[PDB]
Structures are given as C-alpha cells and as structure tokens.
*Asks:* 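After the structure tokens below, expect a handful of questions from me.
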2 protein chains.
Amino acid sequence: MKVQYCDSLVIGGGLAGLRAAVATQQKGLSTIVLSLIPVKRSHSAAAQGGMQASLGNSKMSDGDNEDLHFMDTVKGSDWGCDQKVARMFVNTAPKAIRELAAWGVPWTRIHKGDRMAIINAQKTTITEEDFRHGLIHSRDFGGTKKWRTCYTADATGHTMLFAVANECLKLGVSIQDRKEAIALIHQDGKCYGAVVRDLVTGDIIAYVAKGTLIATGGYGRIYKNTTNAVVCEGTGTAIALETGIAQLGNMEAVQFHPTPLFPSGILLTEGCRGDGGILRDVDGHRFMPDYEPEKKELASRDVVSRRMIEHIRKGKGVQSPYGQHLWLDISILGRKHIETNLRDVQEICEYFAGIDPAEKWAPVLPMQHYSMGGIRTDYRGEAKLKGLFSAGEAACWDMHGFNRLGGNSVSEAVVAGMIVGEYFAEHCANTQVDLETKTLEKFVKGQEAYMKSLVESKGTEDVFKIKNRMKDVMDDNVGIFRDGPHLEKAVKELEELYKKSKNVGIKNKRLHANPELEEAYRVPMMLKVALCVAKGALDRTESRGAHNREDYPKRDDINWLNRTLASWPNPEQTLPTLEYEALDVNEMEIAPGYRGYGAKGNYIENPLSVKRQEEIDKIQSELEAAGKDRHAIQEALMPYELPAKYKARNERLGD
Amino acid sequence: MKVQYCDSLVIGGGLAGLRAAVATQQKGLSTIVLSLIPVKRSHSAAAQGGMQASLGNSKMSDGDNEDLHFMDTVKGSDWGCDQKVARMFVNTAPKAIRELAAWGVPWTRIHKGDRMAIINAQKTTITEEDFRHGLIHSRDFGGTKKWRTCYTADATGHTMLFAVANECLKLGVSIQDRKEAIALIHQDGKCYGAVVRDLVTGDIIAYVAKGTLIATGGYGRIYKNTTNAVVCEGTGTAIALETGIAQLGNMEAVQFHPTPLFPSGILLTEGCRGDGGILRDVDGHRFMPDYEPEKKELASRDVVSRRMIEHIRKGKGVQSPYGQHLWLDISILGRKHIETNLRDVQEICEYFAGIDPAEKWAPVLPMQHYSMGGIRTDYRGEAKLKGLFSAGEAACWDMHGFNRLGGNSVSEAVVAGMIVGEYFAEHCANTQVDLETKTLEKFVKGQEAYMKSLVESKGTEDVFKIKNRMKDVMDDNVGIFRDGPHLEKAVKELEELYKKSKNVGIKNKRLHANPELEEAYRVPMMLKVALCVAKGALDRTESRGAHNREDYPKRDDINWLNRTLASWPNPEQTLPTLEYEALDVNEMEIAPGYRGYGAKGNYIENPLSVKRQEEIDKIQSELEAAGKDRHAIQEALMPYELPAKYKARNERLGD
Ligand SMILES: *Cc1cc2c(cc1C)nc1c(=O)[nH]c(=O)nc-1n2C[C@H](O)[C@H](O)[C@H](O)COP(=O)(O)OP(=O)(O)OC[C@H]1O[C@@H](n2cnc3c(N)ncnc32)[C@H](O)[C@@H]1O
Ligand SMILES: *Cc1cc2c(cc1C)nc1c(=O)[nH]c(=O)nc-1n2C[C@H](O)[C@H](O)[C@H](O)COP(=O)(O)OP(=O)(O)OC[C@H]1O[C@@H](n2cnc3c(N)ncnc32)[C@H](O)[C@@H]1O
Ligand SMILES: O=C(O)/C=C/C(=O)O
Ligand SMILES: O=C(O)/C=C/C(=O)O
Ligand code: NA
Ligand code: NA
C-alpha cells in the first residue's frame, strides 16, 4: 500500500487552497497541496473584475470602511448569510490586499489629477488629491455605492494566484499536481485524509494528515452553459458529500452572469455595461429601458439576467444553432475607448467570436457563474466531519447567502485562506490522530476495486451522453427562472441519469492516463451534486437572492429564513437528504429588510425581524448618544470571532 | 513532522536485510531498506571463506546431506543452539545456494579430472567424475569432515551481496542509505517502526511500518582488535535493547579468528593454515606441535586461538609498538602455490603489511570476528517486542549457540533472510497497526531534543577517548581467556565509562553531516552493548564454546544449559538485567555430549541428557528396524517448522 503523510493536507490549488497552505507551512507544519492541474492554472486565474476590500484610498472610495462593505454584503445576500462570518470577512479583506501588495501583486495605483470617468448619474471628471497618489486604486464593480474593487489592470485573479503560488514555492510547500482526491478517509466522525488517484500513473494512494482542507472551487460544470473552467465539476463537493457525514449548504444557490459570450461562455466583463454597453434584441432594439426605465442596462446584475430571459421568452431572442441569445453592443462606446479601456474584451471577441466589438455586436446569454453553495462549515471553516475544513468557493462559510457580491468571491478565497488557514493550522498542531492501517487499507482497496469495476464493466451506457444530458437538464430546469413542475421533472430525470451512470461502459481499459476512466467516476459524483442543487431548488418554496421561483415569487422570512443542509447518509438512497438550519434573527447585526434591488415589499415579513430591528435602533441610539464609536456599537450588536493574528484594526488614509 | 510509511521496514542492508526485503517486496508489500552506507558496501562483502550448504556435488562432498550439516552445527555450538532452528537452516541452505546461482552468482564449478589437493591425512589427488562436471564446487573450510563450503573464487560475500542487492533494485525496493535508525517506535508492547536520523541532512524522521526487521550485523567494534568493518558497532542491537522490552541473547558469546593480520585486523583466510601455513613465535619456533602433537596447526580454530594466546603469555610473543603478536609463515608453501591459490592473501600482505608472504612472515594475533549473540527471537525471527523481527548476525535466532561454524554465518544471513523473510511478510500482510500521531511525535521530538542536548552539552569528556578506553577494556578483559576478577573490573570500568559518556562535549555544533555528533550518540549505545557482553561473561560461570572461563574450565550442562537473556527495562539502571532461558533437553534431536574439539570429559554431565540419549537410541532403533527413512526418523525425534514455500526436499546428485 502507498501512503503519504503530512500534517496538513490541502485539496485544491486555487487562491483559497494555496493561501491556507501558506498559513500552515509558515508555522512548521508539513503541508501538501493536491491539484488536478498545475496550481497557477486554477479557475481563480480568470478573475478580471477585481477584489473587494474597504481601503478607502481613492476619491470614489473616500469614507469607505468595514461597516459599509458589511452592509453591502448582507443586503446582497438577501439575508441568507451568517452575519458573523461576513464581519470576519470585511475586517480582514483590507489586510489581504495589503499582504498581497507586499508579496508583489502589481495593484493598479492612483495618480494625482483629474480623470475621465463614467459615473452614470454625473459622468463628470474625478479628481484624486496628492495625498492619495501611489496608493492602491479601486473601480466601480459589483454595484456598490463606494468603489472598493481593487485590481491589477485586467488580470487580477492571475497576478493574485501567481503571488500566492510563488509564496508556497518559497516556503517549501509540497505541490503535487495531476492528483485527484476521489474519496475522504474517515472513521468515528473524524477525517484522516483522502484517497487519491494519480492521474498520470493511475496509482491509488492514501494521503493521511491530522487535518484536511477542501478548497476545490465551484460546481458550475454541472450546467451546460457556464463561465467556469472545464475542471470546475464539484468532485471536491461530492467526496465530502459521499462521507455521509459532512453536509452541503445552499446547493440550490447558484449565481448567473448576464453577459458571457454565447455559446462559449467566455466572460465579457461587467465593465462593458458599466461603461455604457447596450443590450439589444433580434431587431436591434435596446430593450432594458422598457423593463427598467430608470436603471436601464445599469440595473442590478441580478435584474439584467432576469429581463434578458424574459425578453427571450417574449420571442425577441436571436435564433442560433446553439440556442437563443441576445446582443451586446459596445461599438457605441467608440473605437478609441475600446482600444484603451476595453482592449481585453476586444481581443476576446476577435480571438473566439471572430468579431471586432468596435464594429459588430457580441452574442450573449446569461450563464452559470458562481457557486454560493458548498461544504457547510462553522465560522472556523470546519465541517461536521471533524478535522475536515473547507474554504473558498467550495465552501458554504456563508458570507454570501443567496447572492454573492461581485468582487467578494476572489476576496473570500484569500480571506478564508487566511482565517480558516489559522484555525486549520491550530487544529493540525493541537489534535492527535489515531491512524489505523485497517481503515486506510479499507478505503484504498475500496477505490482500487472501484477503478477495476469501471474498467471491466460490460455496461452499454455512454458516459458522455449521460454527462451531456445532465448539463441540458440543469440549464433547462434549474436556471434563472424555476418552478415546481419543471423542477420535479428535473429531479426525476437526474435520478434516472444517476442510476444509468452505474451501467457505463468504457473502451479504453488502461488504468493510467485515461480520460475516459476519469469521466466514468466523475460523472456519478456530479449527478449527486446536481441532485442536491435540483432537489434543494424544488423544496425551497420561496424566491431569495439568485433563487427565483415563479410559483413562489416572494421572499419568505417566516418559513424560509434558513439554510438548506444536504447529506447522503445512506449510500443506497438515490436522492439527497435535506434538513434546515434556521437563521437566528437575534444574532443579526442587520435585521431582515429590503435588499435594495428588485420589487419592494416582495418579501413576507417576519415578526421577529421587527422586534430585533427596534432592539437595534435602541442600542445604536443609546450608545451613539454616549459618544461611543462605531466599533463599540458593532460589538454590542453582534460580537464575532477572529484569530488573534487578524484582530487588529485597519489603518486608513484619514485617521 | 516528517513521516515515512511502508508496509515492511528493514533496518540493515547486508545479506540478511536485503534478502528479507526481496521476500516482502515480491508479494506486493511496499518495503524500505535503511542503511548507514550503500548496501553493497556492507560487511557481508568481505566474506572470502565461503558458504556452507549440503549440496553433495563434489567428490569430497559425496554423501553429504542435511543430517551431517545439522550434526556439525549442533556439536559446534556446544549445545547452546536451538536445534529446531538449526534444522530449519540446514534444510534451506541448499536452496539458498541454488537460488543465488539462478540469480547469477558465479559459483566456482567442478571440472572433470584429477586435482592437486591438500587433505592433511592423505594429501593425495582428488578425482571428480564426469557426472559431477559443471555443478557447484565446494572446499575444505570450517573443519567439517564433508567439504561443503561453496564459493565464487576469492570473493564469495561480494558476489552474493551484489546479486541480492541487484534483485532488490529489480523489484523496486526503496533503498535509502546514509540513514541511521537511532530508536525504535513502540507502544503497548508492539513495534511500529523507527526514528531515523538522516546522516547527510541531520533530519529526524519517523519510519512507520506494520512490521520492522533489524538486520544490522555484529557488534565487533566494541573491541579494539576486530576483523569487522568500522560500521559494525551494534547500534542496531542497542536500539532494540533500549526499548526495554526486546531481549538480547548470549551477548557474551563472541567468536575470535586466530590469524587476522596484526594490528589492522585485515583477515588472512583460514586457507593459509589449511594449505600448510605455519605459526611461529619470537624465535621462529613452530609451536603448535608442542601443544597439539597430533592436530598441530590443523587443530580446531577454537584451539589455535587459545594456544596462540597461551604461547604469548609464556613470554614467546613478538614485541611490537601496538602490542604482542605471533608469526604466520606461508612462504614454506612455495612461491608458485601462493601466486595461484593464495594470490589474494599475497596482495593483502603487500598492500597493507608491506610484505611478500612468499618471502617474509605475516604478523598475526587472534581478534574478535563474529557475534553469535544478538536480538533474541523465536523460530520465526520475531522478538519479544511484537512486530519487531531480526535476522542475520544481529539476531540470536540461535542456530550458532556458543560457537558458529565457519561458513555458517553468510549462509545464515541468506537463509534467515529467506525464512524470517516469509514469516515477516506474513506478519506485515496480516497484522493491523494503530498509528497514533501522539506516539510518533513523542519519539521524534524525543530524539530531536536529544541531538540538541548533545550539541549544547558543556561537558568536558572526549567521546573518542571514552570510545578507545571501552575498546581496550573489552580486549583486555573479555577476550579468549576470561576470569571473574578481571571481568568484575571490566564491568565496573565500563559502567563508569557509560556514566561519563553523558558528559561528552563536542566541538562541531552543526546538526548535519557531523561525524562528531554521530559518535556522541553511538558511543553510549555501544557501552550498553559492551555491558551486556561483559556482565554476561561475568555471570556465566562455566566454559562453553567460545566463552572460556579460566576459573570455571568445565562446560556445566547442569546449571548452565541455557541462554543468557539481557534487557534494560529501566532507563535509569546502569547495568543490564540478566535472565535465563533454559534449553529443554527433551526437545533436542542430539542430546548433549562431546563436542569433538578440546579436552574430553571437560563437561559436567546432566542426568536428563542420559535419559534423552537412551530415548533417542531407542526411537532410532525401532524406526530404523521397520525400514524407515532418515526423514521419518528425524520427524519422530524433533519435528520443526518451515514456511510452506521451503518445505520441499533437496534433490541431490545420486537420488
Ligand atoms: C469563472 C470566473 C469566476 C470569477 C471571475 C471570472 C470568471 C470567468 N471574476 C471574478 C472577479 O472579478 N471577482 C471575484 O470576486 N470573483 C470572480 N470570480 C469567481 C472567483 O474567481 C472564484 O470564486 C475564486 O477564484 C474561487 O477560488 P478557489 O480557490 O476557491 O477555487 P479555484 O480557483 O477554482 O480552484 C479550485 C482548485 O481545486 C482543484 N481541484 C478541484 N477538484 C479537485 C479534486 N477532486 N482533487 C484535487 N484537486 C481538485 C483544482 O485543480 C483547482 O486547483
Ligand atoms: C568480518 C568478516 C566476517 C565474515 C568473513 C570475513 C570477514 C572479514 N568471512 C566469512 C566467511 O567466509 N563465511 C561465513 O560464513 N561468514 C563469514 N563472515 C561473517 C559473515 O560475513 C557475517 O556474519 C555476515 O555477512 C553478516 O550479514 P548481515 O546481513 O547480518 O550483516 P552485515 O552484512 O554486516 O550488514 C549490516 C547492515 O546494517 C546496517 N546498519 C547497521 N547499524 C545500522 C543502524 N543503526 N541504522 C541503519 N542501518 C544500520 C549497515 O549499514 C549494513 O548495511
Ligand atoms: O464581469 C466580470 O468581470 C466579473 C463578474 C463577477 O465576478 O460577477
Ligand atoms: O578465514 C576466513 O576466510 C573466514 C573465517 C570465518 O568465517 O570464520
Ligand atoms: Na460556495
Ligand atoms: Na548473532
């Protein structure tokens, strides 16, 4: 038997995984990072929007702080987030940016002087004072009033990922790629590591550790149309689910992006619309103004996606051999503007769409983009399975709830990497594990037997046909608009698809470097993940954040102010077990109310919300009257935890 | 913490360790072989005499079989051996030779025709029939009537070691050199591996395994004068002893060689005397005939060493700046004979002694050569500490007792490697271990702390001065001739030396590649081993095999027909704890009697021996009368165990 030991095992080499590995390796814990691919190629590298952090350096960022970022995050989540977690996040995001700047990330900087900027309310000029020169800049992204999205020109995710990966190399972290975790090793409710398949040699190996952290990213590829890399298939989510102990949170909470290029899904940054981009239909008609006379194309991202689909259903969509879509017109912004501020989007349209955005329109359609759902953890990042932690998009730390803020996800990856990293480090250094070879052998032999069964299967089902049907079902029934009747149909077909996945037969019999065998075991995992998403959507009879039920259009704070917890205790069951974790209003700093975007009064008010709100107004008044600062007030409303290393305040330009 | 896992951990890369590793690796168990040095440089490489095995191919080997080899072995051991083990050995030695021949070992072969040979009783010509041509040859070695010592010209140990090492490379065994086991990891009476110090980097690593085997060789270097390589210091013996559970067997049983070159200890093969070599004193007087009128220089090796020392004590020794010695004269054998049959010994004397043996005499003196004592095991090779096995010279499997047959030790290394290898393999595949990180950390941190304490010690003792004094004490008081008064003195000084070893101070503070630090932790271990040898000799008031007590010249089968078991349960005690394992005469195939060499009636007969002897004669008579073969008779006298793979009979030329 092949066994590899390390003190801290990290599954996933994206921003979250690598940053957590820095946290453990720096304190002397031997750590291994496993990844399907070279870590610098992780999906995190594709982020071009930027990272949200309340620095308050620039003119449009002036006055920004933890409280404003916090409020944007909670209201954005439509109150589905754990507010204590959101607080931990907002207070640490500024330090993440500054640590990355220290590690060489080339953040775009502010230069003194006037600036030609777009505000879309007063597209006047912006002036940056001399005392702001040379500090980290920020731009308008995510719909926040205060511009706090930091960026390194047009490749933020790229530079951030490279810096963290390089720090891992500096520290001697063992980075082992083309390695896939296919099962978690657990006994007595504790996680002791993972069974890993070497993608090159086919070897099945047991990686044991005192603590294991899953930072495997999102599960967007269960959808046919997604902005996600082809490796974002949620197998990390599935291995946690297959332990029958760890639970998945809000898997039905999936966010879509309104303007990905159709049908590839290659992202066309929000900056297109933010700069003045126009959405048009089959007749070239600018339609957003018809639905949003006021906000128009500058409406909430959430709203734009919905209107686009509505317009398509009204029969104004553009027919295509790949389906229906709409048009994005940025040529109206001028050729000079595109070749200086949108030079990247220009290359994308030319390279893949074979068009020049300065002359022709780009085909677009809303597509899956971010996975709010994930492995459920406490505030420390630990799952129900002891010793198993999760961070990044793969987790449901839940600072996002049912709608993540644009710019908050790459921010969360590094922030969680830092915070969960500390708690993960503490766990690995303080816990003592009992590694029974009997258990290791059971799990390893169990997967070797499984690979053999797949290679010898005389089944007649085609793995790709099954996978493709799964993706169509998800796109057609679990998209922007959902309803009970279609969701019931989806759950039934997915369950049928799952059962047929076991009758798959492959042509290539080799155990090494076999992409066919890879699909053979990944697809069944994806189907189970899809079932959690679909079933979760079916049972959640309300409309919250990104989850929109046409048959239940209102947010129900009375019966649904909770979080969906999915599990798969019995390996024989063909549907996921769903339970619910109630959100205690008494522990909220901001009581449930209007989210800001969408129709008003579109939510069933909960009496407990009114009580808490009053209680909050009271506490604020008294404390604010006694000349108490925002910090002491925050503490009295909702105290939260933070590792000692990050409990310090964030200095700002103007203190 | 650094941890390495394998199913089968082998400590020692000599013939025994490597052969055992072949046994485990061939059945799919991941195995690691740790060694202080590249494995092909192990002491096993120095064997030039040959390997004993009852093939019966040659004329002088005609009629030889397991029974004759068995009898030579038991009588040679002066009845201190476990006869069942000796049986396991003799029946397997023939297969070891044949397996090695299959692996390419270039055994010297028989060619048809007459041959100029020395018999020393009738130095006539020997004829080899045509049906013997091309089969494995054998020579006169070890004083056995039947010539059964196989050899590959003059480098038998060398070719054997290389073949086994190469098989390990073929099988993918992980060979990790410049790695030293400094402690065994154990809990609840079970061995889970060893703490290892990387000699190059200084890293302390835990090697965990389901089973651990120690094949670390002899402890000859505790003596000033020894034929052993400088790495034969018995640290393997010491780490087993330091667990406080494993016991060491007959540590006082040390064998000397009569003709090593003085004062280097470079071995001058027994062939010198066997061919007609003459021992002379200070006046050039051939003295052996004076002590052994009959056998003369062709007397038992055991007897030659004793007479040489006796002659020296009578004042006929040659004075030298390194001590007293005697002369070996082979020039009388002729120049032509030396440059064809003893070309090797000629090179040795010229290369190191700066003399031509065909013209001048070689300085010689008896010196420590083989370690019969070692880690005590059952017949399977397992020690009292469960999961810990031992094989080769490092063990006391005890097929040797108080006197090993010349040629039986390289034979045992491979044979035990085969047999203990099978049982070791079975244990590793069938047992299930509970590896607690709490325990691993305790042992690893314990040794890191120890290395640090050695580097920071402000002691003023000199490690080399202590080591050298230990070696002088052993040579002066625990050599060929021993007595209570001197042994008491030795035990006292050694105990004093041990206590002072703790106040050693070293100059070089680095933790990596530090030969001074190496001596700092090895010497204390050697001292504990030396104490087991010295104390064991002091308490054993009898003369048996190689252990000669001048104050107790007789073999005592009444009070000493047993085996000395040494342990060190309390890490505070400064002397070893000695217990005794009694040899059951009822389980002996050959009852105690005359050993063949030395004075007759020099043993206190035990009544139980007489009873058993009669019982044996009776069983033999009845069975032999009923036309029963030697096999059935053997079974009725003393049944023994053997792995299924080796329970087959040995085909011979003449069946
Ligand atoms: C898709 C996307 C997302 C995105 C974005 C643009 C695109 C095209 N722009 C963003 C932006 O401007 N601002 C922002 O805040 N977020 C933006 N996002 C989303 C964001 O980039 C992601 O949420 C974030 O990068 C996620 O980071 P995370 O560290 O969690 O995950 P990852 O980078 O995807 O890496 C996952 C790693 O896991 C390995 N893996 C996966 N499964 C396995 C198994 N089974 N075994 C072993 N390793 C596994 C992957 O190989 C990878 O390294
Ligand atoms: C010294 C000698 C012995 C000898 C002989 C000639 C000489 C000069 N001629 C012989 C002969 O003709 N016929 C015969 O039957 N025996 C003869 N012998 C004795 C015989 O060679 C030995 O008994 C035999 O070779 C012993 O084999 P074994 O496999 O037991 O041991 P080894 O070869 O000495 O190797 C020991 C290994 O252990 C490693 N080691 C030791 N301590 C440690 C620690 N602490 N950690 C890690 N590794 C360790 C050594 O490095 C080595 O590889
Ligand atoms: O439009 C983009 O660049 C990113 C959008 C998002 O992360 O939501
Ligand atoms: O004389 C030698 O070559 C070996 C002697 C021995 O192994 O006893
Ligand atoms: Na998530
Ligand atoms: Na021994």
Side-chain angles (χ1 to χ4, degrees), chain A residues 1-9 24-25 27-32 171-174 185 187-188 190-196 198 201 203-212 386-387 425-445 448-449 452 511, chain B residues 1-9 24-32 171-174 185 187-188 190-196 198 201 203-212 386-387 425-445 448-449 452:
Chain A
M1 173 172 70
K2 280 76 60 179
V3 184
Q4 296 294 164
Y5 169 101
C6 62
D7 297 300
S8 308
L9 179 63
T24 54
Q25 190 66 45
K27 31 189 60 68
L29 299 163
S30 59
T31 132
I32 291 176
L171 293 178
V173 175
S174 178
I185 303 174
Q187 190 194 321
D188 302 319
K190 299 176 60 177
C191 182
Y192 300 123
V195 176
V196 174
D198 187 308
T201 66
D203 292 315
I204 299 307
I205 307 161
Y207 279 68
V208 287
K210 306 184 61 180
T212 298
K386 233 61 60 177
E426 170 177 56
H427 163 86
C428 294
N430 294 161
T431 190
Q432 289 312 322
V433 165
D434 189 302
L435 301 171
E436 295 174 51
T437 59
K438 183 172 60 177
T439 296
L440 304 190
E441 276 172 34
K442 183 186 60 176
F443 281 91
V444 173
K445 291 179 60 180
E448 291 183 311
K452 181 180 60 62
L511 288 168
Chain B
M1 172 172 71
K2 289 88 60 45
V3 184
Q4 298 247 298
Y5 170 100
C6 63
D7 297 301
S8 307
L9 179 63
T24 55
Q25 190 66 44
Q26 57 179 31
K27 32 189 60 68
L29 300 162
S30 59
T31 131
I32 291 176
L171 293 178
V173 175
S174 178
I185 303 173
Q187 190 194 321
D188 303 318
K190 299 177 60 177
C191 182
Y192 301 124
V195 177
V196 174
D198 186 309
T201 65
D203 292 315
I204 299 306
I205 307 161
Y207 279 67
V208 288
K210 306 184 61 180
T212 298
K386 232 61 60 177
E426 171 177 56
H427 163 85
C428 295
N430 294 160
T431 190
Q432 288 313 322
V433 165
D434 189 302
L435 301 172
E436 294 174 52
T437 58
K438 183 172 60 177
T439 295
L440 305 189
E441 278 172 33
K442 183 185 60 175
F443 281 90
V444 174
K445 291 179 60 180
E448 290 183 311
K452 181 180 60 63

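Hydrogens, waters and symmetry mates play no part in the numbers below; they use all other heavy atoms, side chains included. Proteins come first, then strands; the chains are lettered A, B, ... in the order of their sequence lines, and each starts at number 1.
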*Asks:* Counting heavy-atom pairs under 4.5 Å to chain A, which of B/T439, B/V433, B/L440, B/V3 comes out on top?
*Replies:*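 Between B/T439, B/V433, B/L440, B/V3, the count favours B/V433.
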*Asks:* Hey, could you give me the NZ/CD distance between B/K210 and A/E441, rounded to the nearest 0.5 Å?
*Replies:*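 Atom-to-atom, B/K210:NZ and A/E441:CD are 3.5 Å apart.
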*Asks:* Kindly write out the residues that satisfy salt bridge (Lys or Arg N to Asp or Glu O under 4.0 Å) with B/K438, not counting sequence neighbours, or none if the list is empty.
*Replies:*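 With neighbours one apart ignored, the set is empty.
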*Asks:* Partners of A/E448 by side-chain contact (heavy atoms from CB on, under 4.5 Å), sequence neighbours excluded?
*Replies:* A/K2, A/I204, A/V444, A/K445
*Asks:* If you take all heavy atoms of B/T437 and A/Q432, which pair is closest and at what distance?
*Replies:* OG1-OE1, 2.7 Å
*Asks:* Only pairs of heavy atoms separated by less than 4.5 Å count here; which of A/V208, A/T431, A/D434 has the most with chain B?
*Replies:*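 Sorted descending by pairs with chain B, the first entry is A/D434.
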*Asks:* Mind checking the CD-CD spacing from B/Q4 to A/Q4? Nearest 0.5 Å is all I need.
*Replies:*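 Atom-to-atom, B/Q4:CD and A/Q4:CD are 7.5 Å apart.
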